[PDB]
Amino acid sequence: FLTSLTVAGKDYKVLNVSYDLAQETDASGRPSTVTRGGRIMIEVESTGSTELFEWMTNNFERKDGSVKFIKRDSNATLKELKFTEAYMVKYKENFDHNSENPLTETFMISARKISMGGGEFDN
């Protein structure tokens, strides 16, 4: 499998992605209710581009974008995760000579809404 990130017309080779949602439960089961969603964590090959660092610097800037998972063999876009109005919250560029893709960017954005396959979570 192979995926990509798309922001501001710029595409980033994505090493790792994750996004999670959760509601608390009371006692056993007994969902407390209320839900948290919209935080997405990405790791990117840093390239020579500086654009992701500037977004972190910019702060209040909110953007839209999509995470597209492509089937390993086949070109066509098995699934795409779209986020709207996401703010840069944390950022870290790390170089490790020790292995593999030494220079990577790892950051977390907080989106107003994420959506996928007709599923929606808005804050």
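In case it trips you up, residue 1 is the first one in the sequence shown, and so on.
Exercise. Looking at the deposited entry, does 47 to 55 or 83 to 91 carry the larger mean Cα B-factor?
Worked result: For C-alpha atoms only, the mean B-factor is higher in 47 to 55.
For this session: Read off the CA B-factors in the entry, average them over 26 to 34 and over 63 to 71, and name the higher stretch.
Result: Comparing 26 to 34 with 63 to 71, the higher mean C-alpha B-factor belongs to 26 to 34.
Exercise. Per the PDB entry, which option out of 101, 106, 110, 18 has the greatest Cα B factor?
Worked result: Among 101, 106, 110, 18, the PDB entry lists the largest C-alpha B-factor for 101.
Problem set entry | Where the record places residue 8 (Cα B-factor, split into thirds across the chain) | CA B-factor rank for residue 8: highest third.
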